[PDB]
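Have a look at the structure below before the remarks.
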Protein chains: 2
Amino acid sequence: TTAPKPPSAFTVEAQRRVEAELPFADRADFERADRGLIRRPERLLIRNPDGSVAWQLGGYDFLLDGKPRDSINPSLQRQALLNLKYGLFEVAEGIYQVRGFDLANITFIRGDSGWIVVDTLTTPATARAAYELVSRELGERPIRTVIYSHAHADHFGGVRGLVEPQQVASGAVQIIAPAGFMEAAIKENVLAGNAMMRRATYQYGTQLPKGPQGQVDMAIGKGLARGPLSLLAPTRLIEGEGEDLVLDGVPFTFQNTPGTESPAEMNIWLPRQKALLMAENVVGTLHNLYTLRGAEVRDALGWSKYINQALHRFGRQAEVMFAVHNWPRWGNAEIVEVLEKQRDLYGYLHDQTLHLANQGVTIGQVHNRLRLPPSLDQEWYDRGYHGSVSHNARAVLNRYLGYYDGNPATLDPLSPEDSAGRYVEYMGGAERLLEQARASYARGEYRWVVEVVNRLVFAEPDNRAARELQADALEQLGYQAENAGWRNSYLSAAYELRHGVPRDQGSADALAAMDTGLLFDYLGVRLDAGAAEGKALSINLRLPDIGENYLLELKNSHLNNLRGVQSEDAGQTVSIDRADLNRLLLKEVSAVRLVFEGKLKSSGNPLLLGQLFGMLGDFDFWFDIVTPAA
Amino acid sequence: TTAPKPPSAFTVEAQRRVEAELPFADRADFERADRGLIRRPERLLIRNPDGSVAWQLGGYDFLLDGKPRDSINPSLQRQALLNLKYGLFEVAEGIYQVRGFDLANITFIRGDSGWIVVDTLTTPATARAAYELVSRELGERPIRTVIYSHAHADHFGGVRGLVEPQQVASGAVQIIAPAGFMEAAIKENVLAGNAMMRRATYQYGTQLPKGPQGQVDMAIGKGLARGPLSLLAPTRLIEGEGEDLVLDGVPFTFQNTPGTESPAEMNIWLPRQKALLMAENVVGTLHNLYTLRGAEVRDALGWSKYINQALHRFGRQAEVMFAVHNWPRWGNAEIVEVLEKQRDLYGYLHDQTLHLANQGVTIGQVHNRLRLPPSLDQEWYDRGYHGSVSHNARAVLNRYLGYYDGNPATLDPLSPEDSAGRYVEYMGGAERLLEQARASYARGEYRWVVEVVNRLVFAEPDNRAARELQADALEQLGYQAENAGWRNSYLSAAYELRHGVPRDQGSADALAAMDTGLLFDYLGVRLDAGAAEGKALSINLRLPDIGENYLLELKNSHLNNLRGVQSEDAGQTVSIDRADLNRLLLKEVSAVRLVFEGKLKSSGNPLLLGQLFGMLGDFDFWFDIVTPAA
Ligand SMILES: [Zn+2]
Ligand SMILES: [Zn+2]
Ligand SMILES: [Zn+2]
Ligand SMILES: [Zn+2]
């Protein structure tokens with residue numbers, strides 16, 4: 001069958017073990033998450049301008065009664081219910097948050113004459129809804145300052161729902177960010193963007209229903225609001241180690257924590273309230289050193305040290321600690337302990353992964369050997385809801401030693417679709433492998449079943465019996481998973497094995513924010529090597545609006561670009577505003593039109609830029625993951 | 001049997017294919033490598049002070065006749081013979097190199113009154129031997145300037161064979177390096193050091209004999225000299241983009257290429273000779289983006305761009321191009337082409353890996369899909385002797401997307417020693433798996449055999465039949481490998497499967513150069529978590545010779561350290577020179593003695609530092625790789 005199955009006896013038993021192993025009697029988070037509530041609006045529904053729906057929570061009504069569901073890990077169920085504590089809250093005097101309107105929180109700090117707003121959610125409609133809630137409960141006041149705590153779309157993406165460019169231009173609104181915001185806001189999402197976004201469908205569970213056999217939570221929030229991605233550039237950057245400022249009479253200390261959860265990030269200390277806003281360094285979960293959708297491995301050592309610096313600078317004096325995800329902590333001794341343990345969590349993960357690695361434990365083993373000590377294991381905010389000890393330990397190991405385990409048996413591996421037929425043959429053929437795998441399934445050996453049956457799937461991708469057993473086993477693993485990403489991934493893979501992948505199926509602000517060099521780097525990634533083979537051309541590119549020149553050199557099937565160089569020998573020189581180049585690439589405009597408008601001038605051979613663009617391919621979104629290519 | 005086998009018919013056929021596919025008629029490198037030879041001394045043998053042998057080449061006499069050996073890839077054999085072109089050479093007027101005295105080259109540039117020396121080989125004895133050769137052939141002159149081209153031990157390691165500290169102290173010798181040398185010289189070799197050095201035994205083939213069924217070459221040189229590792233700190237750093245200097249009347253342009261082959265590296269342009277020294281950005285082979293022994297993935301995009309910057313700055317004017325490995329290129333048009341193609345090699349590798357990845361091709365497949373275009377494939381300096389297209393394409397993919405393929409079948413994998421029994425069972429048991437694997441072996445399917453028989457090895461590590469077949473198959477892959485690291489690794493793995501791993505079995509200058517923060521980071525990696533569990537202590541550490549204070553905080557089984565902080569609440573305060581702390585850790589001294597000498601003062605609880613040190617474990621070098629733990 002093609003539908004979700006009940007949790008097996010083995011999965012049920014695994015959930016009871018979770019209950020035996022974790023501190024469910026510690027219910028203090030339920031108090032914390034309701035503390036200071038001003039309004040929880042009754043039927044949240046946020047729509048976008050084009051009529052699409054950005055966010056709603058009605059889907060999670062099944063969680064409200066608190067009754068345990070064996071298709072959900074009970075530790076994950078606990079988090080899922082706590083993340084449903086949404087609405088407008090007071091953190092401290094003149095400090096509020098709107099939580100559960102998006103993946104992240106949005107913070108409103110009362111100024112003498114207006115608000116200082118920290119972060120802006122993922123899309124303008126959710127930010128605007130949050131602001132409207134604030135206005136209704138607390139009174140309407142202008143926003144004079146918007147601060148980006150760090151460079152991720154769930155923090156800067158809704159900025160246009162709060163402010164417009166003319167308010168920035170007139171100086172009515174400042175935008176404050178850590179130095180390195182603009183580079184960090186775009187870079188890592190670009191060159192490998194289609195791969196990352198497709199893989200993220202699994203981690204976010206975008207094709208799953210909301211429900212007990214579907215998506216239930218996203219660890220740091222319910223999920224990501226859907227809508228246009230906005231971004232307005234900072235007018236003031238916090239440099240070096242940080243800075244002390246006064247904003248509309250309120251004193252702010254910014255502590256830059258470069259290269260932890262984001263390349264550009266800062267904590268915020270508010271001495272008048274003794275309130276510490278920990279960016280996304282410290283949330284209600286272990287975070288990602290490595291995000292499954294795919295990016296570079298983060299530095300656990302620097303992350304751990306930056307938390308210790310916060311602890312040393314502010315920990316002694318903090319009365320409340322709050323975050324850009326999840327809920328606050330009140331009281332100095334609690335806050336000190338949370339900081340200490342989070343510092344030591346990332347620290348232990350790092351140091352002990354390398355301790356094992358130095359003993360010869362490989363990237364293929366470390367997750368099955370590394371275990372937190374009780375002092376770190378037994379806090380709810382250290383649980384692997386977003387990150388996991390398992391995939392993080394692997395990541396630290398991969399950061400230091402790479403993907404290769406050291407064993408030359410694995411140095412030149414056959415692609416799995418090329419080794420699959422032989423695995424299957426050696427195992428007695430498809431029916432015999434299925435027979436053996438079903439017996440393994442009936443002993444609950446799901447981690448093994450998904451390994452071996454995946455071989456049959458890759459040998460015989462249209463074998464329905466193998467797809468359905470693989471899916472069943474993956475599902476049970478998803479039911480079992482404490483980690484929301486893991487859960488979403490397993491259930492998504494079962495979904496695609498049962499149903500197949502979608503047959504039926506870019507932000508202008510993001511493009512504007514991309515450095516020109518990176519834009520040409522991406523066009524080089526698009527280059528179709530067959531079309532480029534044996535060609536050679538070069539183009540001088542002049543961009544007067546931004547005062548930058550590039551030299552583009554196509555040769556040996558590689559597109560090169562260099563900032564601030566021109567060649568007397570280039571075959572063509574193209575003058576074009578970056579803003580117009582952007583419009584061209586977003587297909588808001590044609591090349592011919594820009595000529596006619598006096599916006600795209602050319603000397604030399606006028607065909608070369610057209611010829612280069614004609615060499616660029618595109619990528620299909622819905623690539624195969626759990627089977628080989630159709 | 002336990003001894004190397006003949007190349008099989010299939011391996012022989014693979015070598016003939018190599019000959020059919022690669023441009024062996026292009027023999028110009030043989031001219032290049034002999035050009036300007038002044039002396040090749042007849043029986044090179046370099047000894048260390050303790051009586052050990054640092055370097056000799058008699059082992060490779062089998063290569064001298066040029067006759068093809070089917071146990072060696074003929075493209076690798078070609079490189080192996082070219083790397084045997086050792087001795088003292090002229091590059092251009094007043095510019096010489098000693099090649100083949102170590103893995104790297106050492107360069108002597110004639111000053112008005114002395115030598116400027118670029119790099120220093122791996123150990124003092126090989127440098128000193130090189131210098132003595134120079135003195136005999138060209139006359140004895142003092143060295144006034146030593147330059148480190150980049151931060152690797154094969155470049156700075158022999159410096160004490162050329163100069164002593166008092167010559168530095170008096171200002172008779174300057175030492176010039178790129179900014180970031182001292183950090184780069186140590187950092188990446190530390191935290192994961194034992195794992196990297198053990199794994200390197202394979203890549204370097206340290207247990208193999210020199211000979212046709214053993215080690216034959218190390219791509220960028222013959223091999224690494226063995227001896228003490230020296231390092232003296234730079235007295236002058238080249239900052240920013242680079243610098244123009246005159247040294248003993250000779251004009252030098254330094255072009256910093258930070259973050260390519262090393263974090264701190266620079267090319268050198270000598271306008272008087274029109275001579276371009278390309279550091280290790282450009283060598284006689286494709287280089288590592290990822291070195292098998294294990295380190296972080298290098299940035300192919302920046303590497304490619306830095307070569308293009310060199311090409312644009314100097315390429316137009318260069319008459320000779322030479323390197324810190326391998327041999328020079330003469331003539332402007334040849335030099336331009338080599339730069340272009342190397343730029344596009346790293347560029348193509350990068351862009352096309354991501355092109356495929358954006359199509360859904362995973363880290364498990366990309367090496368079997370990515371192929372260089374003919375213009376890059378068909379040059380000898382683009383061959384994968386040191387790096388490979390295969391392991392590099394995987395590395396670029398791992399840099400951008402990580403180790404995880406996106407398929408949740410592989411998200412929570414059983415350790416191989418835990419899945420092995422089940423693979424073996426499913427395949428009919430050990431004899432049946434062996435029976436099938438031998439038939440596969442007899443069709444030449446060695447890449448498959450080493451995958452499947454490795455499963456039997458990990459299930460049954462004392463199964464001699466499985467070890468010996470695994471070894472045989474690995475060996476044939478080593479015979480076949482164009483890459484010297486791959487070859488050494490396969491042959492080393494066969495060696496350990498047949499013979500078992502060694503039962504019978506630190507630089508003071510390196511330790512001195514390590515940043516104190518990193519030293520305490522490493523001690524944290526050593527922390528035995530069982531011994532630390534439930535303990536908490538803190539220590540103020542004061543280091544007067546270096547004017548630095550640290551705060552050490554042990555808690556939650558994690559050792560923390562913070563530069564420039566002290567705590568009034570620390571349980572102990574220890575004052576100690578860094579130099580004395582180093583001696584302590586190198587066991588050149590005892591803690592008690594330093595007290596008695598007035599060099600280690602303490603207040604507060606005097607036991608805490610001792611207690612912390614007693615929690616630190618150590619690592620065994622000779623860990624198991626090709627089998628599970630004995
Ligand atoms: Zn973030
Ligand atoms: Zn966030
Ligand atoms: Zn190097
Ligand atoms: Zn080198």
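Chain A is the first sequence line, chain B the second, and so forth, proteins listed ahead of strands; every chain is numbered from 1. Atom set for the values below is all heavy atoms of this structure, side chains included, hydrogens, waters and symmetry mates excluded.
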Query - Side chain, backbone, both or neither of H367(A) within contact of chain B (heavy atoms, under 4.5 Å) - result: side chain

Requested in this report: Answer with side chain, backbone, both or neither: which region of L397(B) has an atom nearer than 4.5 Å to a non-hydrogen atom of chain A?
Outcome: neither

Query raised in the report: Hey, which of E445(B), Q470(B), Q365(B), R526(B) has the most heavy atom pairs under 4.5 Å with chain A?
Result: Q365(B)

Requested in this report: Sort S304(B) into side chain, backbone, both or neither according to what part of it lies under 4.5 angstrom from a heavy atom of chain A.
Outcome: side chain

Requested in this report: Please state whether the side chain, the backbone, both or neither of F458(B) comes within less than 4.5 Å of a heavy atom of chain A.
Outcome: side chain

Query raised in the report: Hey, which of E425(B), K341(B), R432(B), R343(B) has the most heavy atom pairs under 4.5 Å with chain A?
Result: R343(B)

**Report entry** Centroid-centroid under 6.0 Å between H558(B) and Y346(A) rings
**Finding:** no

Report task. Please look at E533(A) and chain B and tell me whether the side chain, the backbone, both or neither of the residue comes under 4.5 angstrom of a heavy atom of that chain. Result -> side chain

Query raised in the report: Checking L474(A) against chain B: side chain, backbone, both or neither under 4.5 Å from a heavy atom?
Result: side chain

Requested in this report: Using distance alone, with no hydrogens and no angle criterion, decide if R198(B) and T201(B) have a side-chain donor and acceptor under 3.5 Å apart.
Outcome: yes

Query raised in the report: Which atoms of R369(B) come close to chain A, meaning under 4.5 Å heavy atom to heavy atom: side chain ones, backbone ones, both, or neither?
Result: side chain

Report task. Name the region of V452(B), side chain, backbone, both or neither, that has any atom closer than 4.5 Å to a heavy atom of chain A. Result -> side chain

Report task. Side chain from CB out, backbone as N, CA, C, O: work out which of these in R394(A) comes under 4.5 Å of a heavy atom of chain B, or both, or neither. Result -> both

Query raised in the report: Below 4.5 Å, heavy atoms only, C-beta onward: do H312(B) and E553(A) meet side chain to side chain?
Result: yes

Query - Aromatic ring proximity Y400(A)/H350(A), centre distance under 6.0 Å - result: yes

Requested in this report: Side chain from CB out, backbone as N, CA, C, O: work out which of these in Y423(A) comes under 4.5 Å of a heavy atom of chain B, or both, or neither.
Outcome: both

Query raised in the report: Tell me, side chain or backbone of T627(A) under 4.5 Å from chain B's heavy atoms, or both, or neither?
Result: neither

Query raised in the report: Do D405(B) and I625(A) come within less than 4.5 Å of each other through their side chains, counting heavy atoms only?
Result: no

Query raised in the report: Is any side-chain heavy atom of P408(B) less than 4.5 Å from a side-chain heavy atom of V450(A)?
Result: no

Report summary line: Honestly, the part of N561(A) sitting under 4.5 Å from a heavy atom of chain B is both

Query - Any donor-acceptor N or O pair under 3.5 Å, side chains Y403(B), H391(A) - result: no

Query raised in the report: By a 4.5 Å heavy-atom criterion (distance strictly below it), what part of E496(A) contacts chain B: side chain, backbone, both, or neither?
Result: neither

**Report entry** chain B contact via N560(A) - side chain, backbone, both or neither, heavy atoms under 4.5 Å
**Finding:** side chain

Requested in this report: I would like to know whether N398(A) and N398(B) meet side chain to side chain donor-acceptor pair (under 3.5 Å); could you show each step before the answer?
Outcome: CA-CA 9 Å; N398(A) 188 31; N398(B) 188 31; 2.8 Å; yes

Report summary line: Cut-off 4.5 Å, heavy atoms of chain B, and the answer for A494(A) is neither

Requested in this report: Counting only heavy atoms closer than 4.5 Å, note whether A629(B) contacts chain A via side chain, backbone, both or neither.
Outcome: neither

Query - Salt-bridge contact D521(B)-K305(A) (side-chain N to carboxylate O under 4.0 Å) - result: yes

Requested in this report: Please state whether the side chain, the backbone, both or neither of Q436(B) comes within less than 4.5 Å of a heavy atom of chain A.
Outcome: both

Query raised in the report: Is any side-chain heavy atom of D377(A) less than 4.5 Å from a side-chain heavy atom of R371(A)?
Result: no

Query raised in the report: Any side-chain donor-acceptor pair under 3.5 Å between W486(A) and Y202(A)?
Result: no

Query - Proximity breakdown for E340(B) and chain A, heavy-atom pairs closer than 4.5 Å - result: both

Requested in this report: Check the side chains of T353(A) and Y348(A) for a donor-acceptor pair under 3.5 angstrom, ignoring hydrogens and angles.
Outcome: no

Query - Structural part of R199(A) lying under 4.5 Å from a heavy atom of chain B - result: side chain

Query raised in the report: What part of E417(B) lies closer than 4.5 angstrom to a heavy atom of chain A: side chain, backbone, both or neither?
Result: side chain

Query raised in the report: Which bit of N308(B) is near chain A, if near means a heavy-atom gap under 4.5 Å: side chain, backbone, both or neither?
Result: both

Query - Per-residue contact mode, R455(B) against chain A (heavy atom under 4.5 angstrom) - result: side chain

**Report entry** Validation row: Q480(B), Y490(B) side chains within 4.5 angstrom (heavy atoms)
**Finding:** no

Report task. Please lay out, stage by stage, how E451(B) and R422(A) fare under the test salt bridge (charged side-chain N to carboxylate O under 4.0 Å, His left out). Result -> CA-CA 11 Å; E451(B) 180 167 343; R422(A) 279 172 283 183; over 6 Å; no

Requested in this report: Using non-hydrogen atoms and a 4.5 Å limit, figure out which bit of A481(B) sits close to chain A: side chain, backbone, both or neither.
Outcome: neither

**Report entry** Side chain / backbone / both / neither for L559(A) at chain B, heavy atoms under 4.5 Å
**Finding:** backbone

**Report entry** Portion of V297(A) that has a non-hydrogen atom of chain B nearer than 4.5 angstrom
**Finding:** neither

Query - Region of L301(A) in contact with chain B, defined by heavy-atom distances below 4.5 Å - result: side chain

Requested in this report: Examine the side chains of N483(A) and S388(A) and answer whether a donor and an acceptor come within less than 3.5 Å of each other.
Outcome: no

Report summary line: Given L292(B), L401(B), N407(B), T291(B), the one with more heavy-atom pairs under 4.5 angstrom with chain A than any other is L401(B)

**Report entry** Winner by heavy-atom pair count (cut-off under 4.5 Å) against chain A, out of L356(B), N454(B), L345(B), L562(B)
**Finding:** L562(B)

Query raised in the report: Regarding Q342(A) and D382(A), is there a side-chain donor-to-acceptor distance under 3.5 Å anywhere?
Result: yes

Requested in this report: Tell me, for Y404(B) versus chain A, whether the close heavy atoms (under 4.5 Å) come from the side chain, the backbone, both or neither.
Outcome: both

Query raised in the report: Have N358(B) and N194(A) got a donor and an acceptor in their side chains that come within less than 3.5 Å?
Result: no

